[PDB]
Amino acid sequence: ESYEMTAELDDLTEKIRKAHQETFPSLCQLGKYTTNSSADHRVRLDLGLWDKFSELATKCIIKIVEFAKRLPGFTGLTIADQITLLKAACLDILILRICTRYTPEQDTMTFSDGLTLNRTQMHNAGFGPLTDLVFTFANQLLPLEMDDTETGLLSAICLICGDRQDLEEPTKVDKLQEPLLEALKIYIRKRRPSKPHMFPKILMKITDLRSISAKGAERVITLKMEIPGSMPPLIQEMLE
């Protein structure tokens, strides 16, 4: 019930919480809405759903860039490094975000505009063979009971990763991540003083996200062959 003072980290923690909430609405504070598109059986790809999904995906990528620019120090890195970090973690952050909007009761996920799709629709919107993997991840994430602070910190840790290849100032990146790592650990103990194992458990989730995002890249190639036009440009650049 007692904790040493950590004003600086507390402050950083507050800034990250706000960056996330402002760049990604909460599941509760939003009006959910559905669609009847190919909601019953699975199809190779439902273009109507894809249209909306790729649009929301483009917008969330933009939100993630905004989130990045709100992280103390991020803009202090070279533009090259900013781009490298964002390209390396964007899909991971996108997957984490949608999974935190999973509703197990109805087996659905809710996008930032309220669109709520069931598993079959998520599959038909473009998730394809990655659908069950993603739902499994979301189901296993719920028990961690992460809030916006923990989610934002995890996204920030994933993004500010000095291990990414081709960084101009990897060390400078490592320097930025440490406070975030420290802040997440302390904040976790704040909420759960009994679960001293929640920190490593949450950190592990990042590696879990990677296994899915690594496959997402392959899904891009397949999607390119299924859709009539070009892959939305921003999605192209991020997975490029």
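From 1 onward, residues are counted along the sequence shown.
Relative to its counterpart among 90 to 98 and 157 to 165, 157 to 165 has the higher mean temperature factor, C-alpha atoms as listed in the PDB entry. Higher mean CA temperature factor, per the PDB entry, when comparing 172 to 180 with 187 to 195: 187 to 195. Across the residues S38, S213, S54, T207, the deposited record lists the maximum Cα B factor for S38. Sorting the modelled residues of the chain by their CA temperature factor places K59 in the lowest third. For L45, the recorded CA temperature factor ranks within the middle third of the chain's modelled residues. Sort the chain's modelled residues by C-alpha temperature factor and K69 lands in the lowest third, per the entry. When the CA B factors of the chain's modelled residues are split into thirds, the value for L27 lands in the highest one. Placement of the Cα temperature factor of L77 within the chain: middle third of the modelled residues, per the deposited record.
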